[PDB]
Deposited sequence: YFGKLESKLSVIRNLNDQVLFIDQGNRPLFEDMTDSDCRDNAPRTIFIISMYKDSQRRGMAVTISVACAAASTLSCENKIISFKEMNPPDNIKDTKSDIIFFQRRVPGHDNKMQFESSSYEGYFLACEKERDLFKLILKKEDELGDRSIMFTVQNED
């Protein structure tokens, strides 16, 4: 069971400190910037009845309703706002925000639906793409900086 607590305006960034943003193809990408309303995200925090940690929802601020989803281990944006309630122990839109042990300032987002899977930055070719993948003990690619303001 998940119950919404609050919401925070956030800018997410990988360790290359490239900002996360949604492009025109509805695809989440990473880039270095010096346009901007596509970088602003809303992180909505939920209370987990099983107490596995801090459950969050990631959605873009300047859209009507687009929430981040990892349905079928594939990153996408559903056409919905974060719900007041989710009545299940797992959700494709729900992630656990976890602070990384030996790094300061850095968070990782574990999928609630698929255990041991994390949001991650991936070089493809000329693009840095947001993907869902499994965790190596370090693995820089699953670490993120989030600026709640």
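In this entry, the deposited residues absent from the coordinate set span 35 to 40, 142, 157.
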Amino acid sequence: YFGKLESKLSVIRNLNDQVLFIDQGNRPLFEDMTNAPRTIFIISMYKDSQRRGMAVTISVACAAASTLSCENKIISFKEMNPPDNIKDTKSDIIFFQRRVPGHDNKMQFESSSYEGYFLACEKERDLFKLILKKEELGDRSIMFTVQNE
From here on, numbers count along this sequence of modelled residues.
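Note on 55 to 63 vs 25 to 33: mean CA B-factor is higher in 25 to 33. Looking at 112 to 120 and 98 to 106 together, the entry lists the larger mean B-factor for 98 to 106, computed on C-alpha atoms. Compared with the other modelled residues of the chain, the Cα B-factor recorded for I43 ranks in the lowest third. When the modelled residues of the chain are ordered by their C-alpha B factor, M80 lands in the highest third.
In this PDB entry, the Cα temperature factor of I12 sits in the bottom third of its chain's modelled residues, the lowest group.
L130: CA B factor in the lowest third of modelled residues in this chain (values from the PDB entry). Sort the modelled residues of the chain by CA B factor and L20 lands in the lowest third.
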